[PDB]
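Numbering (the deposited numbering), first residue to last: 31 to 1044.
From the three backbone atoms N, C-alpha and C, an ideal C-beta is built for every residue, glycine too.
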Ligand SMILES: *[C@H]1O[C@H](CO)[C@@H](O)[C@H](O)[C@H]1NC(C)=O
Ligand SMILES: [Zn+2]
């Protein structure tokens, strides 16, 4: 295995190093506004060395943005695809590329058989080519790598089944900045090439000057280069026709033949296209070939890519004709005029890349190596697209909840083969497709119109219900004596209980377990653990009495804690935000211990008085002018006091101190150790009163953030043996710090209300001497080093925080893990900050046509890990990556893949069993079974189950941490007949494995395996 820590890769371009050296000056470069006046030697091309030009027609189709998926399908996309089928069928030399399989599958299934056959023929013959082949073209900033792989697999599995093709070239022309997670997944999924477009204009200029726009993009930790994927970065400001023929848009716009009047389009540079004729073709060709030869100067081979397309293009039959016939007249002239030394034709993306690599093999070019990412994007001036790292945060959090429910539903149901009447495959395909659709670069990004956001939300709610159905049918089957199991596939044997989604204060969605001597004395509950190691975690349920005790199924008592159910109210009469306790519902909390990829059953039983193994939390309400807070049968009376500082410690864990405003002020790791300053603070950013305004995409603050004025907030302290917490009602945020014996959990119930033109940020202030360095993750997969640059504006220093961020010095590290993607930064040494929500009244001129005024309450979740790192083996100061410690990684897993909780619905569960998975191997802590999916339906004689195995890399800090078992996924199901290593989409077999054993993977590697069972 390669060492991902100690060997700094030697690459030609390392983006952090490039950023440190670049000046980012925004000067007027002439017609290429953000470049320079390109010059070329006319003698470079001649009869023995011609410029080969591939004009690649395309149409950018968004699966929701200004209209919903279905509205665009009906108004635009079905017509584009119907006319592409007709025009390509009738014009053999015409070509077209297509990226979004969600739309193509919607179209293809509605075609009659004759047309399905014509479509398969134009694909098989190379006229219509799929590029990437994912369900969508995903956002690359906020998306989790597991969901980028899920959507890629959904689209490619459909293409293999119906079209018999698997794309090996990727096309990503619209995500707002680009992540190395894409080549990581694509290279492990059979790809050979990829193309990107939205990168900072200063980066395009710098790389163009060195002819480094084509490069072998490897991961930041890859010393050998085996992760490398050839990448083509487009050079100009847009993928539209005016910015794809060459450097001068006033000229290129004349070659977009849809802009002459009858289509309602024109050229803003004021020179319209003119129909090509025999009297003007020489002058028009002279202008176009000049643009092409200028573009060619920015690249190393004699093969040139010229995209020809824009948003929802190629819709009307007359548009297909006007573009095709005019370009055909230009090609016939150009190709017959030797003095141009050009051979131009319509082509596909794969044809371009195959010709580039033929040139490379002929020794005509060598390409530079590159590592790093392409965030944060700016398309012009100081307009940095860091706002969408936070926009519509409710849905960003929903993404992560659904991510986990899809994994858990696919894994729980994979253990058995199911009859078709159970509708398991149907519900899982619906859930995978709605979560996949939301990965779109106007979905999770929060950049769609309000009614489109509602459509994505409704689709995801249906997907969550589908996952719940599959999960509860699977738990009932896995834990019921076989000869007793009698399923009704439409019945709810269990209901899921989720404590953090939508969350307390967001929706009252949880069911109370109703017990009583005259109705039901006890209730079975079941926990699932999707991770491949034994895991303990506190779990809580609402119960109708405080006198409840817990047992495992062998009837062994389990220690439990009961606390009140507290809800916060914005009291419009007293004008204060304060908590109310329930006098008939209570929370019971206990530690569940669950096998690897397994289930564990417990029983909750009511008694007439305080049970021996259940304790009760104390509660203290700090505020001036308190009023009583009765709690029904709860056995401990609420105490009151004036605001004051307080300290809490649960178990042997850290001791946390809080200010009189209920905000953390210090963390003391052990009895002996020091009280380290760690202060939470809430601040607000505003919007500029003149100049450009922040909107869904852009973050354009009117200077550094200002502190939220807190007043004298109400603080609630709950102290228990198993769990303690401090909660405070601040303006727009109920902020909660929860302690269970390890790193605290932070929950913010964020309701920005009607505060227009405001972005609320949560900042941590420490005295850690981090300087200008901080680390943020990319897609939940890797941590990359960031350097704050005072030569760039504040918004350029904001990066996506898809799952975590940290700062450190020689001795101390503070890591904040997140349960949802948000934007953040470290704007000064010792600080971390992360945006909570943003409400903007203005549109930011990128096409959305509205501000962001549809905010709703969201419960954000986090874990805060302060650690000593002086003993850790860390990368050298020149390495571009960082790595988590064991405790930080486990804290991230506690947020993203918590235990699932099921409450048995009926009064009695006949045939109930206590555990499932006790014999499953408990794998080393850095290994995860990211995906477990049965790939065959019940009628297949040979069953197949696919697994994606991911190993992260954790720092070595001196903990012996030992005894774990080897995990061989190919032997998790019995009767194994074959084990194969496959691409990550499961679509191609790469290796037949000896002994039917699937090896574990190396740190930072991901592999897929498929086991076959007789
Ligand atoms: C397409 O798939 C392979 C090449 O990928 C080809 O040999 C096969 O005949 C085609 N279609 C079928 C029958 O799978
Ligand atoms: Zn788009």
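Over the uninterrupted alpha helix (DSSP H) stretch that includes residue 185, give me the two end residues. To locate residue 185, count along the chain shown from 1; it is residue 155. Here the alpha helix (DSSP H) through residue 185 covers 175-193.
Pick out whichever of 155, 243 and 343 has its Cα sitting closest to the Cα of residue 261. The sequence position of residue 261 within the chain shown is 231, counting from 1. With distances taken between Cα atoms, residue 261 lies closest to 243.
Is any heavy atom of ligand 2 found at a distance shorter than 8 Å from the C-beta of residue 167? The sequence position of residue 167 within the chain shown is 137, counting from 1. It does: the Cβ of residue 167 is within 8 Å (strictly closer) of some heavy atom of ligand 2.
Where does residue 523 fall in DSSP's three states? On the chain shown, position 493 is the one that residue 523 refers to. Residue state, collapsed to three classes: coil.
Can you find the residues in the same chain that come closer than 6 Å, C-beta to C-beta, to residue 353, ignoring five residues on each side of it along the sequence? As a working mapping, residue 353 is identified with position 323 in the chain shown. So the qualifying residues of the chain are 287.
Considering only the beta carbon of each residue, do residue 85 and residue 281 sit closer than 9 Å? Within the chain shown, numbered from 1, the residue matching residue 85 stands at position 55. Within the chain shown, numbered from 1, the residue matching residue 281 stands at position 251. Contact: no.
Check whether the stretch 930-948 and the stretch 521-530 are in contact - that is, three or more C-beta pairs closer than 8 Å. yes
In this structure, how does DSSP classify residue 201 when only helix, strand and coil are distinguished? Position 171 of the chain shown, counted from the start, is the residue given in the question as residue 201. In the structure shown, residue 201 sits in a strand (DSSP, three-state: E or B).
Residue environment, residue 573, which counts as buried when at least 16 other CB atoms sit within 10 Å: For the purposes of this step, residue 573 is taken as residue 543 along the chain shown, with counting starting at 1. That one is buried.
For ligand 1, is there any heavy atom lying closer than 8 Å to the beta carbon of residue 1117? In the structure as shown, the chain begins at 31 and stops at 1044. Residue 1117 is therefore absent and cannot be evaluated.
Could you say which of 751, 292, 909 and 315 lies nearest to residue 568 if we only look at CA atoms? Residue numbering aside, residue 568 sits at position 538 when the chain shown is read from its first letter. Looking at the Cα atoms, 751 is the closest of the given residues.
Can you list every residue whose CB sits closer than 5 Å to some heavy atom of ligand 2, going in chain order? 92 and 204
Nearest to residue 1005 by alpha carbon, out of 223, 1021, 1026 and 996? On the chain shown, residue 1005 is found 975 positions in, with the first residue counted as 1. When each option's Cα is compared against that of residue 1005, the closest is 1026.
Please find out if some non-hydrogen atom of ligand 1 comes closer than 8 Å to the beta-carbon of residue 194. Your numbering for residue 194 matches position 164 in the chain shown. Answer for residue 194: yes, Cβ within range of ligand 1.
I'd like to know if the stretch 358-370 and the stretch 295-303 are in contact, where contact means that at least 3 CB-CB pairs between them fall below 8 Å. no
Give the DSSP-derived three-state secondary structure of residue 445 in the structure shown. Indexing the chain shown from 1 puts residue 445 at position 415. The answer is coil: DSSP assigns residue 445 none of H, G, I, E or B.
Whose CA, out of 1044, 985, 1023 and 410, lies closest to the CA of residue 1007? Position 977 of the chain shown, counting from 1, holds the residue named residue 1007. Comparing Cα-Cα distances from residue 1007 to each of 1044, 985, 1023 and 410, the minimum goes to 1044.
Pull the bridge partners of residue 815 from the DSSP assignment, please. Numbered from 1 along the chain shown, position 785 holds the residue referred to as residue 815. According to DSSP, which records beta bridges pairwise, residue 815 is partnered with 805.
Fully enclosed by the stretch 539-593, which beta strand (DSSP E) runs are 3 residues long or longer? 552-559, 565-573 and 578-582
According to DSSP, what are the bridge partners of residue 596? Indexing the chain shown from 1 puts residue 596 at position 566. Answer is 611, bridged to residue 596.
Assuming residue 1009 is part of the beta strand (DSSP E), what are its boundary residues? Within the chain shown, residue 1009 is the residue found at index 979, counting from 1. Taken as a continuous stretch (DSSP letters only), the beta strand (DSSP E) holding residue 1009 covers 1006-1012.
For the alpha helix (DSSP H) that residue 365 lies in, which residues bound it at each end? In the chain shown, counting from the first residue as 1, residue 365 sits at position 335. First-last of the alpha helix (DSSP H) with residue 365: 347-366.
In or out: residue 418 buried (at least 16 other Cβ within 10 Å) or exposed? Taking the chain shown and counting its residues from 1, the one referred to as residue 418 is at position 388. Buried, since its Cβ has 16 or more Cβ neighbours within 10 Å.
Nonlocal neighbours in the same chain, by C-beta distance under 6 Å from residue 480, ignoring five residues either side: To locate residue 480, count along the chain shown from 1; it is residue 450. Hits under 6 Å: 884.
Under the three-state DSSP convention, the category residue 480 falls into: Locating residue 480 in the chain shown gives position 450, where the first residue counts as 1. Residue state, collapsed to three classes: helix.
Since residue 1010 and residue 1040 are thought to touch, with beta carbons under 8 Å apart, how far apart are those beta carbons, to the nearest angstrom? If you number the chain shown from 1, residue 1010 lands on position 980. If you number the chain shown from 1, residue 1040 lands on position 1010. Right, their Cβ atoms sit about 5 Å apart.
With a 10 Å radius around its C-beta and 16 neighbouring C-beta atoms as the bar for buried, classify residue 507 as buried or exposed. As a first step, residue 507 must be located in the chain shown, where it is residue number 477. Classification of residue 507: buried, given that the 10 Å Cβ count is 16 or more.
Could you check if residue 947 is buried or exposed, using at least 16 other CB atoms within 10 Å of its CB as the buried criterion? Within the chain shown, numbered from 1, the residue matching residue 947 stands at position 917. Buried is the call here.
Taking Cβ positions, are residue 756 and residue 686 nearer each other than 9 Å? Along the chain shown, one-based indexing puts residue 756 at 726. Along the chain shown, one-based indexing puts residue 686 at 656. A contact, by the Cβ cut-off of 9 Å.
Is the stretch 119-135 close to the stretch 432-442, with three or more CB pairs under 8 Å? no
Return the first residue and the last residue of the beta strand (DSSP E) that residue 735 is part of. As a working mapping, residue 735 is identified with position 705 in the chain shown. No beta strand (DSSP E) contains residue 735, which DSSP labels as neither H nor E.
Using a 10 Å radius around the Cβ and a threshold of 16 neighbouring Cβ atoms, would you call residue 608 buried or exposed? One-based indexing of the chain shown puts residue 608 at position 578. With 16 or more other Cβ atoms within 10 Å, it is buried.
Keeping to the same chain, check which residues put their C-beta closer than 6 Å to that of residue 1032; ignore five residues upstream and five downstream. Here residue 1032 corresponds to residue number 1002 of the chain shown, with the count starting at 1. Correct list, in chain order: 31.
Under the rule that 16 or more other beta-carbon atoms within 10 Å means buried, what is residue 515, buried or exposed? As a working mapping, residue 515 is identified with position 485 in the chain shown. Exposed, because fewer than 16 other Cβ atoms sit within 10 Å of the Cβ of residue 515.
Rounded to the nearest angstrom, how far is the Cβ of residue 872 from that of residue 863, given a contact under 8 Å? Position 842 of the chain shown, counted from the first residue, corresponds to residue 872. Position 833 of the chain shown, counted from the first residue, corresponds to residue 863. In fact, because the Cβ distance is near 23 Å, the residues do not count as touching under 8 Å.
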